[PDB]
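Asks: Pasting a structure below so you can have a look.
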2 protein chains.
Amino acid sequence: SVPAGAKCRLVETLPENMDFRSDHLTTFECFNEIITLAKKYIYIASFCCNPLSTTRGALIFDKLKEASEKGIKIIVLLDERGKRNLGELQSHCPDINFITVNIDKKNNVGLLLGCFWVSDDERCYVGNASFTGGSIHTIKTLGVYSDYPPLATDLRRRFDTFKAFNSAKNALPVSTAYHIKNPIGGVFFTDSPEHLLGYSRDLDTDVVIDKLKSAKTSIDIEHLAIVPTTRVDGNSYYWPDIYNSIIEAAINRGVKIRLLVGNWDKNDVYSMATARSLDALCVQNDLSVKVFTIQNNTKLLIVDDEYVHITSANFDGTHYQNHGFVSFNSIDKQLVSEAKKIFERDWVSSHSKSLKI
Amino acid sequence: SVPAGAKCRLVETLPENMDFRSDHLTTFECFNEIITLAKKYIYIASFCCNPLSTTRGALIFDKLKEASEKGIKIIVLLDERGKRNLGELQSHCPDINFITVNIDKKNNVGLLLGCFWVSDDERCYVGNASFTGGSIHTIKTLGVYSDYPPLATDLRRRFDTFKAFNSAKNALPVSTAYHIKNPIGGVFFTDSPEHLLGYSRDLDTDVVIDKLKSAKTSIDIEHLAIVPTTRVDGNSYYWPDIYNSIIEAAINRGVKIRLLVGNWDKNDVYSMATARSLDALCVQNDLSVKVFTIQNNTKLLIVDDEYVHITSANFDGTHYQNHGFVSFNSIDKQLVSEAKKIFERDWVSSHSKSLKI
Ligand SMILES: Cc1ccc(NS(=O)(=O)c2c(C(=O)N3CCCCCC3)c(C)n(C)c2C)c(Cl)c1
């Protein structure tokens with residue numbers, strides 16, 4: 001049979017200078033386990049690659065260096081804008097193959113996110129902890145680890161999609177085995193963007209909005225910002241698709257929504273008006289907003305204590321229209337309950353003060 | 001052949017205590033002309049009916065009283081909530097047939113607006129000047145008069161739709177002759193709501209949003225409010241469909257938009273957040289907002305100096321989802337240019353101060 005939850009367990013980074021405590025697997029322990037149990041390959045993908053920035057990030061880079069010398073095919077995908085440290089990486093690991101990826105060469109807007117590991121088509125990690133020393137040591141992250149072969153194999157097919165966009169000289173099946181119409185143990189992957197989706201994969205933009213509109217009781221979102229206007233290039237881009245489905249739940253359906261976003265800029269007139277209007281919604285409706293100032297890459301979504309959505313991208317226009325990433329989705333009640341515990345901890349954390357304007 | 005503009009001319013009410021001046025036909029002159037030239041019937045429809053509130057409104061009620069005594073079938077449609085003056089009306093005009101209409105007996109939300117006259121299938125008026133003494137004398141209104149038989153006949157078919165919903169005891173073809181796909185002289189009627197639209201008529205909600213998204217240069221709107229949340233019954237109703245298409249034009253397409261809305265309530269947390277965010281958009285984009293405090297029923301929309309939309313309803317959720325009304329639409333360059341002159345006059349009027357918060 002198929003195990004419930006697809007052998008998935010929560011993984012996150014809790015720095016020492018932060019009051020976050022949990023019994024889940026740490027990101028440092030997760031990456032070290034993938035390298036130790038590696039017998040065939042290690043495929044890593046993220047935007048920026050800079051493990052040598054912290055102590056724990058350098059140890060993971062050393063275990064990965066020893067793996068490539070033992071005969072393990074290690075491929076690291078990184079967007080061509082995180083190419084600043086490329087000369088530093090190849091000088092330390094001549095065996096690890098580093099590949100610069102530009103998924104959007106037509107307009108140069110789409111960035112490579114992804115943020116996932118996969119090894120031997122058995123073990124894998126999916127979260128917002130990039131291959132940087134910060135995400136492993138000093139920055140709060142969140143993700144899921146799974147040693148289930150059928151699930152990690154479906155994630156490796158996502159790696160084959162992004163690998164084809166290497167910036168070198170000159171067929172892609174865009175294959176998937178599980179989606180919202182056929183999950184594996186109550187777990188499936190949503191993908192992005194739409195022009196790289198193919199015909200079988202599920203667009204993460206549609207799946208998130210569908211779960212936001214199908215909400216019945218609670219909506220818990222811990223992202224960096226929900227400001228529906230993000231500045232692409234040097235101009236403003238208005239995209240309230242996710243921002244509307246949330247307020248539609250709080251006003252029309254009376255959903256108790258708690259948003260934990262990062263602190264906004266005092267000079268950004270766009271983030272100012274977004275915040276002052278969320279302040280007015282907390283008075284009339286059951287909306288609650290708290291802000292944080294720490295370095296946190298967590299992108300969490302929980303609906304009705306029944307569905308969970310952990311991703312590396314942020315709920316905004318720039319990400320869900322151009323950026324390419326893989327998002328974790330699960331409806332397993334036992335796995336969602338563990339994610340609910342994480343949001344309750346962060347909501348009352350000392351680093352989460354109530355929104356004041 | 002067919003005349004350009006479909007024999008349409010602008011009609012409005014400019015009270016003496018207001019600095020509004022124009023050479024167009026007045027509403028008092030318009031209603032008096034329809035009654036004088038009446039030879040068969042006079043069909044009137046509006047929400048509230050109270051002509052005896054002002055002097056000019058009483059004169060129109062006297063000319064209409066003399067018409068019913070001369071042998072003219074006069075039918076007055078009014079929503080069952082404007083029924084307070086019904087006993088006062090029938091006591092003064094026993095020949096005029098007054099009919100109470102409730103277009104929404106399932107949920108009791110949809111109100112009868114319409115706000116139009118039609119006589120002999122030749123002359124007609126379409127605007128926001130209800131059959132009240134205020135709309136004729138003391139309240140600024142706006143509308144269009146046309147003695148073109150093919151156009152007034154298409155408006156009378158709208159009267160046959162609302163007349164069928166009389167609250168008395170117990171087939172409706174919902175016929176139309178002209179729409180956006182087949183205008184008459186560059187003029188057509190959009191209708192509302194959707195459950196009374198039939199299969200041939202055009203929903204005003206779709207036509208307005210289509211013209212708002214197809215804007216290329218300018219958007220001029222003079223309505224009562226653009227607050228995307230209106231309180232139905234005793235609860236809040238979130239509906240940003242029109243509010244999104246406007247901001248999508250100003251931010252994504254850089255459309256110079258000038259909104260002339262009424263003053264908002266200091267205690268309405270919903271209108272407060274709506275205003276403070278329009279204030280932030282005027283700083284970054286080319287948006288301009290001015291507010292008025294006078295009694296004004298004008299509902300005007302001008303796009304690219306090429307399309308005009310005069311209606312009796314307001315751009316909000318309660319109206320374009322339940323209320324039943326008929327809206328005037330025209331693409332005639334000569335008629336739109338005259339409407340542009342009206343908006344420019346109102347934008348710099350003494351009753352239109354810049355939005356301040
Ligand atoms: C960057 C930026 C700049 C301005 C705004 N403006 S806005 O007022 O905050 C707003 C809201 C909004 O939150 N309210 C709250 C109060 C009542 C419910 C309607 C209005 C919505 C739903 N939309 C579609 C907009 C545009 C925004 Cl959202 C973002």
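By order in the structure tokens, chains are A, B, ...; within a chain, residues start at 1; ligands start at 1, following the order shown.
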Taking a cut-off of 10 Å and counting only C-alpha atoms, can you build a table that, for each residue of chain A near chain B, reports the nearest atom pair and how far apart they are in Å (one decimal), sorted by chain then residue number, as JSON lines?
Replies:
```
{"residue": "A:229", "atom": "CA", "partner": "B:251", "partner_atom": "CA", "distance": 9.0}
{"residue": "A:235", "atom": "CA", "partner": "B:252", "partner_atom": "CA", "distance": 8.7}
{"residue": "A:236", "atom": "CA", "partner": "B:251", "partner_atom": "CA", "distance": 6.5}
{"residue": "A:237", "atom": "CA", "partner": "B:252", "partner_atom": "CA", "distance": 5.9}
{"residue": "A:238", "atom": "CA", "partner": "B:252", "partner_atom": "CA", "distance": 6.2}
{"residue": "A:239", "atom": "CA", "partner": "B:248", "partner_atom": "CA", "distance": 8.1}
{"residue": "A:240", "atom": "CA", "partner": "B:244", "partner_atom": "CA", "distance": 8.0}
{"residue": "A:241", "atom": "CA", "partner": "B:244", "partner_atom": "CA", "distance": 9.8}
{"residue": "A:244", "atom": "CA", "partner": "B:240", "partner_atom": "CA", "distance": 8.0}
{"residue": "A:247", "atom": "CA", "partner": "B:238", "partner_atom": "CA", "distance": 7.8}
{"residue": "A:248", "atom": "CA", "partner": "B:238", "partner_atom": "CA", "distance": 6.2}
{"residue": "A:249", "atom": "CA", "partner": "B:238", "partner_atom": "CA", "distance": 9.3}
{"residue": "A:250", "atom": "CA", "partner": "B:238", "partner_atom": "CA", "distance": 9.3}
{"residue": "A:251", "atom": "CA", "partner": "B:238", "partner_atom": "CA", "distance": 6.2}
{"residue": "A:252", "atom": "CA", "partner": "B:237", "partner_atom": "CA", "distance": 5.9}
{"residue": "A:253", "atom": "CA", "partner": "B:237", "partner_atom": "CA", "distance": 9.6}
{"residue": "A:254", "atom": "CA", "partner": "B:236", "partner_atom": "CA", "distance": 9.9}
{"residue": "A:268", "atom": "CA", "partner": "B:280", "partner_atom": "CA", "distance": 9.9}
{"residue": "A:269", "atom": "CA", "partner": "B:280", "partner_atom": "CA", "distance": 6.1}
{"residue": "A:270", "atom": "CA", "partner": "B:280", "partner_atom": "CA", "distance": 7.3}
{"residue": "A:271", "atom": "CA", "partner": "B:280", "partner_atom": "CA", "distance": 9.9}
{"residue": "A:272", "atom": "CA", "partner": "B:280", "partner_atom": "CA", "distance": 8.2}
{"residue": "A:273", "atom": "CA", "partner": "B:277", "partner_atom": "CA", "distance": 5.2}
{"residue": "A:274", "atom": "CA", "partner": "B:277", "partner_atom": "CA", "distance": 7.7}
{"residue": "A:275", "atom": "CA", "partner": "B:277", "partner_atom": "CA", "distance": 9.9}
{"residue": "A:276", "atom": "CA", "partner": "B:273", "partner_atom": "CA", "distance": 7.0}
{"residue": "A:277", "atom": "CA", "partner": "B:273", "partner_atom": "CA", "distance": 5.2}
{"residue": "A:278", "atom": "CA", "partner": "B:273", "partner_atom": "CA", "distance": 8.7}
{"residue": "A:279", "atom": "CA", "partner": "B:273", "partner_atom": "CA", "distance": 8.7}
{"residue": "A:280", "atom": "CA", "partner": "B:269", "partner_atom": "CA", "distance": 6.1}
{"residue": "A:281", "atom": "CA", "partner": "B:270", "partner_atom": "CA", "distance": 8.0}
{"residue": "A:283", "atom": "CA", "partner": "B:269", "partner_atom": "CA", "distance": 8.1}
{"residue": "A:284", "atom": "CA", "partner": "B:269", "partner_atom": "CA", "distance": 7.6}
{"residue": "A:285", "atom": "CA", "partner": "B:236", "partner_atom": "CA", "distance": 9.4}
```
Asks: Neighbours of range 298-308 of chain A within 10 Å (only C-alpha atoms; same-chain residues fewer than 6 positions away dropped), as an MDAnalysis selection string?
Replies: chainID A and resid 12:13 127:129 139:143 186:187 208 211:225 255:257 259:261 314:315 327:340 342:343
Asks: List every residue of range 193-223 of chain A that DSSP, applied to the backbone, labels as alpha helix (DSSP H), and write the result as number ranges by chain.
Replies: A: 204-213
Asks: With N, CA, C and O atoms retained, could you export that selection as a PDB file, in the first residue's frame?
Replies:
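Result file is selection.pdb:
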```pdb
ATOM      1  N   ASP A 204       0.574  26.525  -9.909  1.00  0.00           N
ATOM      2  CA  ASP A 204       0.463  26.851  -8.492  1.00  0.00           C
ATOM      3  C   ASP A 204      -0.445  28.051  -8.261  1.00  0.00           C
ATOM      4  O   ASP A 204      -1.078  28.151  -7.204  1.00  0.00           O
ATOM      5  N   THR A 205      -0.520  28.966  -9.230  1.00  0.00           N
ATOM      6  CA  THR A 205      -1.394  30.125  -9.086  1.00  0.00           C
ATOM      7  C   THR A 205      -2.851  29.701  -8.948  1.00  0.00           C
ATOM      8  O   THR A 205      -3.579  30.221  -8.095  1.00  0.00           O
ATOM      9  N   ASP A 206      -3.290  28.745  -9.770  1.00  0.00           N
ATOM     10  CA  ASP A 206      -4.681  28.309  -9.716  1.00  0.00           C
ATOM     11  C   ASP A 206      -4.959  27.488  -8.463  1.00  0.00           C
ATOM     12  O   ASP A 206      -6.026  27.623  -7.852  1.00  0.00           O
ATOM     13  N   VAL A 207      -4.014  26.636  -8.061  1.00  0.00           N
ATOM     14  CA  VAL A 207      -4.248  25.752  -6.922  1.00  0.00           C
ATOM     15  C   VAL A 207      -4.350  26.553  -5.629  1.00  0.00           C
ATOM     16  O   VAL A 207      -5.178  26.252  -4.761  1.00  0.00           O
ATOM     17  N   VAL A 208      -3.519  27.586  -5.480  1.00  0.00           N
ATOM     18  CA  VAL A 208      -3.559  28.399  -4.269  1.00  0.00           C
ATOM     19  C   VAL A 208      -4.864  29.182  -4.194  1.00  0.00           C
ATOM     20  O   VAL A 208      -5.526  29.218  -3.151  1.00  0.00           O
ATOM     21  N   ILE A 209      -5.259  29.814  -5.302  1.00  0.00           N
ATOM     22  CA  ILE A 209      -6.489  30.603  -5.309  1.00  0.00           C
ATOM     23  C   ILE A 209      -7.700  29.707  -5.082  1.00  0.00           C
ATOM     24  O   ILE A 209      -8.667  30.102  -4.418  1.00  0.00           O
ATOM     25  N   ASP A 210      -7.665  28.484  -5.617  1.00  0.00           N
ATOM     26  CA  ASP A 210      -8.774  27.558  -5.410  1.00  0.00           C
ATOM     27  C   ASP A 210      -8.923  27.196  -3.939  1.00  0.00           C
ATOM     28  O   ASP A 210     -10.042  27.129  -3.419  1.00  0.00           O
ATOM     29  N   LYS A 211      -7.804  26.963  -3.249  1.00  0.00           N
ATOM     30  CA  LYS A 211      -7.872  26.632  -1.830  1.00  0.00           C
ATOM     31  C   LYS A 211      -8.211  27.852  -0.983  1.00  0.00           C
ATOM     32  O   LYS A 211      -8.820  27.714   0.084  1.00  0.00           O
ATOM     33  N   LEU A 212      -7.829  29.048  -1.437  1.00  0.00           N
ATOM     34  CA  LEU A 212      -8.178  30.262  -0.706  1.00  0.00           C
ATOM     35  C   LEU A 212      -9.668  30.560  -0.814  1.00  0.00           C
ATOM     36  O   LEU A 212     -10.289  31.008   0.158  1.00  0.00           O
ATOM     37  N   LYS A 213     -10.260  30.319  -1.985  1.00  0.00           N
ATOM     38  CA  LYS A 213     -11.688  30.552  -2.157  1.00  0.00           C
ATOM     39  C   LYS A 213     -12.527  29.428  -1.563  1.00  0.00           C
ATOM     40  O   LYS A 213     -13.675  29.661  -1.169  1.00  0.00           O
TER      41      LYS A 213
END
```
Asks: Using backbone DSSP assignments, extract all strand (DSSP E or B) residues from range 93-139 of chain A; output them as JSON, numbers by chain.
Replies: {"A": [97, 98, 99, 100, 101, 112, 116, 117, 118, 119, 123, 124, 125, 126, 127, 132]}
Asks: Would you write out those residues with N, CA and C atoms, as a PDB file, in the first residue's frame?
Replies:
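Result written to result_18.pdb:
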```pdb
ATOM      1  N   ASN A  97      29.247  19.956 -10.685  1.00  0.00           N
ATOM      2  CA  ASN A  97      28.887  20.661 -11.911  1.00  0.00           C
ATOM      3  C   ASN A  97      27.876  21.750 -11.572  1.00  0.00           C
ATOM      4  N   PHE A  98      28.279  23.005 -11.746  1.00  0.00           N
ATOM      5  CA  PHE A  98      27.406  24.149 -11.528  1.00  0.00           C
ATOM      6  C   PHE A  98      26.849  24.630 -12.861  1.00  0.00           C
ATOM      7  N   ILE A  99      25.549  24.914 -12.883  1.00  0.00           N
ATOM      8  CA  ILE A  99      24.837  25.264 -14.106  1.00  0.00           C
ATOM      9  C   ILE A  99      24.047  26.543 -13.869  1.00  0.00           C
ATOM     10  N   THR A 100      24.268  27.540 -14.723  1.00  0.00           N
ATOM     11  CA  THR A 100      23.506  28.780 -14.684  1.00  0.00           C
ATOM     12  C   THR A 100      22.266  28.636 -15.556  1.00  0.00           C
ATOM     13  N   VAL A 101      21.111  28.990 -15.001  1.00  0.00           N
ATOM     14  CA  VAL A 101      19.822  28.789 -15.649  1.00  0.00           C
ATOM     15  C   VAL A 101      19.123  30.135 -15.776  1.00  0.00           C
ATOM     16  N   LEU A 112      14.852  31.741 -11.483  1.00  0.00           N
ATOM     17  CA  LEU A 112      14.849  30.352 -11.039  1.00  0.00           C
ATOM     18  C   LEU A 112      14.802  30.319  -9.518  1.00  0.00           C
ATOM     19  N   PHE A 116      14.941  23.130  -3.837  1.00  0.00           N
ATOM     20  CA  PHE A 116      14.670  21.744  -3.491  1.00  0.00           C
ATOM     21  C   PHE A 116      15.908  20.900  -3.754  1.00  0.00           C
ATOM     22  N   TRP A 117      16.042  19.831  -2.977  1.00  0.00           N
ATOM     23  CA  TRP A 117      17.052  18.808  -3.191  1.00  0.00           C
ATOM     24  C   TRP A 117      16.373  17.500  -3.575  1.00  0.00           C
ATOM     25  N   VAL A 118      17.134  16.631  -4.237  1.00  0.00           N
ATOM     26  CA  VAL A 118      16.647  15.307  -4.608  1.00  0.00           C
ATOM     27  C   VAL A 118      17.844  14.403  -4.869  1.00  0.00           C
ATOM     28  N   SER A 119      17.817  13.196  -4.307  1.00  0.00           N
ATOM     29  CA  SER A 119      18.938  12.271  -4.395  1.00  0.00           C
ATOM     30  C   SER A 119      18.424  10.848  -4.559  1.00  0.00           C
ATOM     31  N   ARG A 123      15.253  10.160  -1.648  1.00  0.00           N
ATOM     32  CA  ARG A 123      15.191  11.229  -0.663  1.00  0.00           C
ATOM     33  C   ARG A 123      15.133  12.586  -1.353  1.00  0.00           C
ATOM     34  N   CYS A 124      14.503  13.548  -0.683  1.00  0.00           N
ATOM     35  CA  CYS A 124      14.330  14.876  -1.256  1.00  0.00           C
ATOM     36  C   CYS A 124      13.930  15.850  -0.158  1.00  0.00           C
ATOM     37  N   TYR A 125      14.171  17.132  -0.423  1.00  0.00           N
ATOM     38  CA  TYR A 125      13.747  18.225   0.440  1.00  0.00           C
ATOM     39  C   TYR A 125      13.093  19.299  -0.415  1.00  0.00           C
ATOM     40  N   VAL A 126      11.966  19.827   0.055  1.00  0.00           N
ATOM     41  CA  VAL A 126      11.226  20.872  -0.646  1.00  0.00           C
ATOM     42  C   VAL A 126      10.885  21.954   0.367  1.00  0.00           C
ATOM     43  N   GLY A 127      11.449  23.143   0.185  1.00  0.00           N
ATOM     44  CA  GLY A 127      11.166  24.242   1.085  1.00  0.00           C
ATOM     45  C   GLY A 127      11.642  25.582   0.570  1.00  0.00           C
ATOM     46  N   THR A 132      22.344  28.456   0.501  1.00  0.00           N
ATOM     47  CA  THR A 132      23.178  29.510   1.052  1.00  0.00           C
ATOM     48  C   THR A 132      23.396  29.241   2.533  1.00  0.00           C
TER      49      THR A 132
END
```
Asks: In terms of the shortest atom-to-atom distance over only C-alpha atoms, which of B:87, B:94, B:110, B:3 is closest to residue 194 in chain B?
Replies: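 Checking each of B:87, B:94, B:110, B:3 against residue 194 in chain B, counting only C-alpha atoms, the winner is B:110.
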Asks: Write out as JSON, numbers by chain which residues come within 9 Å of range 28-30 of chain A when counting only C-alpha atoms, dropping same-chain ones fewer than 2 positions away.
Replies: {"A": [11, 12, 13, 25, 26, 32, 33, 34, 35, 56, 57, 59, 60, 125, 136, 137, 145]}
Asks: Find the residues around residue 192 in chain A up to 8 Å (only C-alpha atoms counted), leave out those fewer than 3 positions away in its own chain, and share them as a count of residues only.
Replies: 12
Asks: Could you jot down the CA of residue 135 in chain B to CA of residue 344 in chain B separation for me, Å, one decimal place?
Replies: 21.7 Å
